[PDB]
Amino acid sequence: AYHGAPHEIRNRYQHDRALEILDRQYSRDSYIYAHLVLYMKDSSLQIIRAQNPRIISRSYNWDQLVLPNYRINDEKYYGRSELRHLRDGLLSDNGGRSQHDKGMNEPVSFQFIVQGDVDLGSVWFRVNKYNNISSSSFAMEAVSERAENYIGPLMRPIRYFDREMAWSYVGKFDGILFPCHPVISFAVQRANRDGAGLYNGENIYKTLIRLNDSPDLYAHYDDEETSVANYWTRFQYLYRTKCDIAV
Amino acid sequence: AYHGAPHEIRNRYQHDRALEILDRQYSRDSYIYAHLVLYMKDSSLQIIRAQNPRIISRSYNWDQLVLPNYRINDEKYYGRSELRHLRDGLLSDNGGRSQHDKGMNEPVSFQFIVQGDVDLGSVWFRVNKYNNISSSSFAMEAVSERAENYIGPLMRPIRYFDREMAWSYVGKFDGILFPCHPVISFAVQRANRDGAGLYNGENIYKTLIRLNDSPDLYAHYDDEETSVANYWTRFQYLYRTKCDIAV
Amino acid sequence: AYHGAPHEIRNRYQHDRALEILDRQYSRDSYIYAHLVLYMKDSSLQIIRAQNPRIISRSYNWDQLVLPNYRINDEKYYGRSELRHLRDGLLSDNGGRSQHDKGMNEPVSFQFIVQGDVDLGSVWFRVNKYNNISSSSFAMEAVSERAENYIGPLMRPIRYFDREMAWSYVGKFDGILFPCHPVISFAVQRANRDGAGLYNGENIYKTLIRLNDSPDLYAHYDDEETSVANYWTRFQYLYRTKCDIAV
Ligand SMILES: Nc1ncnc2c1ncn2[C@@H]1O[C@H](COP(=O)(O)OP(=O)(O)OP(=O)(O)O)[C@@H](O)[C@H]1O
Ligand SMILES: Nc1ncnc2c1ncn2[C@@H]1O[C@H](COP(=O)(O)OP(=O)(O)OP(=O)(O)O)[C@@H](O)[C@H]1O
Ligand SMILES: Nc1ncnc2c1ncn2[C@@H]1O[C@H](COP(=O)(O)OP(=O)(O)OP(=O)(O)O)[C@@H](O)[C@H]1O
């Protein structure tokens with residue numbers, strides 16, 4: 001028998017670290033991420049990130065999606081009255097006196113991205129009209145469950161070291177498939193392939209105590225490349241550009 | 001035996017549809033609705049609608065109830081300092097330098113309406129003072145459960161095709177039975193008359209994933225008739241006018 | 001045997017009342033309180049109070065912690081563009097064009113206080129950077145559970161009639177132990193020393209229906225003494241001053 005040298009400890013640790021990071025997403029103590037990216041009429045982006053170690057349920061009213069808004073109030077396009085009149089019309093057919101069909105403050109389109117060990121069967125995304133009645137114009141007809149809004153399979157995955165680790169969905173607020181004047185709701189939970197649910201008797205505490213684990217982050221970027229440079233690549237958030245590059 | 005004609009298929013389907021809509025409220029995939037309607041000093045209305053397929057728990061601070069506010073910022077009555085001074089006084093007895101006892105921005109009265117297959121025993125509504133201490137002036141004395149706030153039986157139902165389908169409660173913010181300078185909390189869940197709870201081991205997932213199913217809707221209407229015309233009747237939200245008409 | 005006088009009924013009732021109030025905190029129908037106190041650059045205080053009969057989970061983004069903000073908008077230090085540029089830099093290293101390293105609107109330091117029959121093992125407090133990635137600069141590396149953030153033992157209790165009834169934690173936003181440009185998350189639940197959990201099959205209803213029992217209260221005080229005079233002592237919220245007096 002012979003021994004005359006060390007194993008490549010440094011290299012072995014590097015492999016372990018690479019796997020540690022690639023596989024961290026499976027830990028219940030890592031995060032799942034949901035980004036709502038709004039492409040505005042000046043080509044600037046408004047980014048809304050939700051995150052949680054376990055579960056994400058979010059909704060955004062029209063005035064939380066337009067720019068400027070009270071979270072990102074860095075432009076001015078309308079006086080108080082003009083904005084009021086506009087909203088009057090977006091809520092109720094012909095009920096407003098606005099001279100504006102659409103607002104300069106309104107998004108042109110969106111990209112929705114979920115990242116982490118997500119339960120794809122839980123990925124749910126619904127753009128309501130301004131009036132915020134689900135799948136209907138009417139309160140009693142309204143329905144909260146529509147297969148169309150379970151968008152998992154319609155999404156396009158983004159790969160990292162050949163692993164699907166994020167999923168992307170995009171659309172236009174041009175009224176053809178999605179409302180022109182949007183209200184947006186979404187949800188996603190982390191995958192659980194085992195029997196013991198994270199909302200069961202013993203795990204529900206942690207879920208509730210961290211239900212508001214992190215505030216939603218709002219960000220405003222000059223244009224998409226700026227966000228790629230200063231956000232997506234920087235923070236390790238997988239992202240798909242207009243020209244369809246996975247960054 | 002004889003057969004020589006069709007049954008009235010079209011008519012039978014109409015009955016089925018009428019029942020489908022009248023009875024949709026019993027489906028766990030329909031909505032329950034909670035409206036907080038604020039009648040302002042100019043007779044305009046501020047409407048806040050909460051909705052969820054299962055459960056609604058909401059609270060609103062004073063600055064989310066007055067108008068203007070950061071959600072509906074379409075008037076201006078005060079400078080920054082004036083508003084600060086006012087609030088200073090509303091929070092702490094004689095702790096503010098305002099020259100204003102009451103704000104032009106504050107509501108005169110309210111109407112609270114729950115609609116859907118609601119669990120009336122869950123209907124809870126509490127107007128705290130500005131200082132937001134429940135049923136007390138003191139933190140340790142404060143109590144979260146008071147029978148007075150379980151308002152179900154005090155409400156007046158509104159009927160649709162002879163069925164009680166919404167319930168209304170009203171009051172004045174004149175300090176006599178309700179605080180002049182209000183903070184408002186309410187809750188309501190859908191009725192469950194069967195054994196298997198929607199927060200049990202198997203149903204809790206759906207409850208949590210849709211906890212923020214829909215954003216609260218904020219709306220501002222010229223006066224009550226405008227809202228009747230452009231909102232209540234339009235959206236099939238049952239409503240009771242000042243003159244007590246069920247619309 | 002002899003009887004010739006009454007017991008001291010009035011006095012006995014007083015003892016019972018004193019105990020009633022001292023012990024109310026153990027009732028599930030009392031409140032637990034969480035105060036985030038921000039000491040600003042002008043020595044004014046911004047107070048954020050969260051409260052709930054059972055459970056508190058909260059997070060605050062940078063723009064909900066600075067002053068002025070959309071909840072307390074009673075000062076003006078920057079134009080829209082200046083503020084945007086500042087935030088650009090706080091989010092992304094060298095990604096902003098601001099001439100300002102720090103904002104006049106940003107807090108110097110904080111005091112976090114939990115009060116009531118709190119589960120000290122549930123007390124969790126985390127100041128993230130502006131970029132809001134937990135315990136990391138990177139999305140996949142991010143971790144939601146760090147012992148450092150379970151601050152219970154690091155806190156200093158405040159006594160009332162010799163009973164520990166509130167706990168205080170303080171720190172500076174000077175970037176040395178806590179980020180200069182903070183995002184803040186915390187949680188705490190009421191103590192449960194018995195077997196039947198308040199999130200179990202029978203108790204989960206009440207927890208959820210009162211999840212948003214009370215809105216967060218925002219308050220702005222001239223300086224610490226003003227808050228002591230008009231808030232802390234007034235409302236029976238235990239508090240520790242700069243000079244370390246328990247009020
Ligand atoms: N199979 C083996 N058994 C014993 N020594 C071995 C063997 N293979 C290699 N060696 C090496 O041979 C060298 C001399 O070993 P040693 O003189 O103890 O052998 P041995 O006397 O034959 O073995 P043992 O101790 O089993 O009687 C040592 O450096 C040892 O590491
Ligand atoms: N009870 C009945 N039994 C059979 N046919 C009937 C009856 N009532 C009405 N009819 C009609 O009478 C017509 C002639 O029927 P058919 O000549 O097959 O009667 P049948 O020979 O008496 O009956 P079966 O086929 O039972 O021997 C058919 O159009 C049929 O629909
Ligand atoms: N141990 C006692 N038994 C009876 N009376 C008592 C006693 N101690 C004090 N007294 C008082 O003595 C007074 C007279 O009582 P009473 O004349 O009924 O006594 P008694 O006839 O000795 O007792 P009993 O009714 O048991 O035969 C009463 O005011 C009573 O309250």
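In what follows, every chain begins at residue 1, and chains take the letters A, B, ... in the order their sequences are listed. When a ligand or atom number is given, it counts from 1 through the structure's own listing order. What you see below is based on every heavy atom in this structure, not just the backbone, and it leaves out hydrogens, waters and symmetry mates.
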State whether the number of non-hydrogen atoms from other residues, nucleotides or ligands found under 6.0 Å of A:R17 atom CZ is greater than 12.
yes
Looking only at protein heavy atoms, what sits closest to atom 31 (O) of ligand 2 is B:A1 O, 5.0 Å
Atom CZ of C:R193: over 12 foreign heavy atoms under 6.0 Å
yes
Determine whether C:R126 and C:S135 satisfy the following criterion, side chain to side chain donor-acceptor pair (under 3.5 Å), listing intermediate values before the conclusion.
CA-CA 9 Å; C:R126 185 186 63 198; C:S135 184; over 6 Å; no
Return a yes/no value: protein heavy atom under 4.0 Å from atom 21 (O) of ligand 2?
no
Is the NZ atom of B:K206 crowded by more than 12 outside heavy atoms at less than 6.0 Å?
yes
Strictly inside 4.0 angstrom of atom 9 (C) of ligand 2, do you find any protein heavy atom?
yes
